[PDB]
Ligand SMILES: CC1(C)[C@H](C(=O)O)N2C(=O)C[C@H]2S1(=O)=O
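One chain comes next, on its own, written as structure tokens: the form deposited without this ligand.
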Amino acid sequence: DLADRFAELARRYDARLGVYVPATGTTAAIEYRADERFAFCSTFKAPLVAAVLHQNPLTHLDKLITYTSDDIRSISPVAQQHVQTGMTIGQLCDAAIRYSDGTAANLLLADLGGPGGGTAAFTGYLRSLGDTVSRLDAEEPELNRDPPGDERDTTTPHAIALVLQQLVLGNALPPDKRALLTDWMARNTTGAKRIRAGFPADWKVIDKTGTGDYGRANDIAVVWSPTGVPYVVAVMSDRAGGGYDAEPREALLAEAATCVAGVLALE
């Protein structure tokens, strides 16, 4: 019935929905269009921070990065206040996740280095976690704006959910690096109307949002039951039939999350 409930919800919002919740010891995987491609949009910033943590000792977080006004070409709530001061790698990770700061993300991509301003290095990191699906080809803001047919800058709910599983619940990062990523996602400022709005207040939610053209609205989360049982939740959406300026619908993600929460709850 639950694939039917997701299909009804998507029809009612005039959208395409994708959902993946990985299996646990006690729960089946939840999958709806889970192997269909969707744009990352800013959801890639969570694994990008993991890539920078993975590659470097934690002393690297104190490295100062300077930049100029020419580096601000995407929504950058933190980096546009620090053009004259610069920002540390740690401050950039914080901004990339908690404020979805595009300049911060582009500077972290450059910190990974190599062809395409770091986009190849980012993609290679996802390949190292066994993700052969996802790809990042463009920096901010172009990666939000590919037409629906373009595989560039896309992932699948399945792929990104298993990446996030590995990073937050698995062994991809040592505990100190894992704790930094977890905390930044836990204090994200952008996600109140998405997966967070679909889970009861006694569930902890950590997340990273994404938003873009063609009605794209995404959220990737790790949630903790009131008794400390964790689950990964990936919800992706777009509205290819509404044009490049279709309105993203945050509440569709909240409603899909409500359905997920209904199946995961155990009173």
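All residue numbers refer to positions in the sequence shown, first residue = 1.
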Residue range whose averaged C-alpha B-factor is higher in the record, 151-159 or 113-121: 113-121
Between 223-231 and 48-56 (mean CA B-factor, as deposited), the higher: 223-231
Selection by C-alpha B-factor (highest) of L181, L92, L169, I195: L169
CA B-factor ranking of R98, expressed as a third of its chain: lowest
CA B-factor ranking of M185, expressed as a third of its chain: lowest
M87 - Cα temperature factor, lowest/middle/highest third of chain: middle
Position of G130 among the chain's modelled residues by C-alpha B-factor, lowest, middle or highest third: highest
Third assignment of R33 from its chain's C-alpha B-factors: middle
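In what follows, reference is made to the form solved in complex with this ligand, a form of this protein that is not presented.
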Interface residue in the bound PDB entry among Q166, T123, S74, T182, criterion: non-hydrogen atom within 4.5 angstroms of this ligand: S74
Contact stretch among 74-82, 147-155, 109-117, 167-175 - heavy atom within 4.5 Å of this ligand in the bound PDB entry: 74-82
Contact of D213 with this ligand in the bound PDB entry (heavy atom, 4.5 Å): yes
Close approach of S42 to this ligand in the bound PDB entry, 4.5 Å, heavy atom: yes
Residues within stretch 125-140 having a non-hydrogen atom within 4.5 Å of this ligand in the bound PDB entry: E140
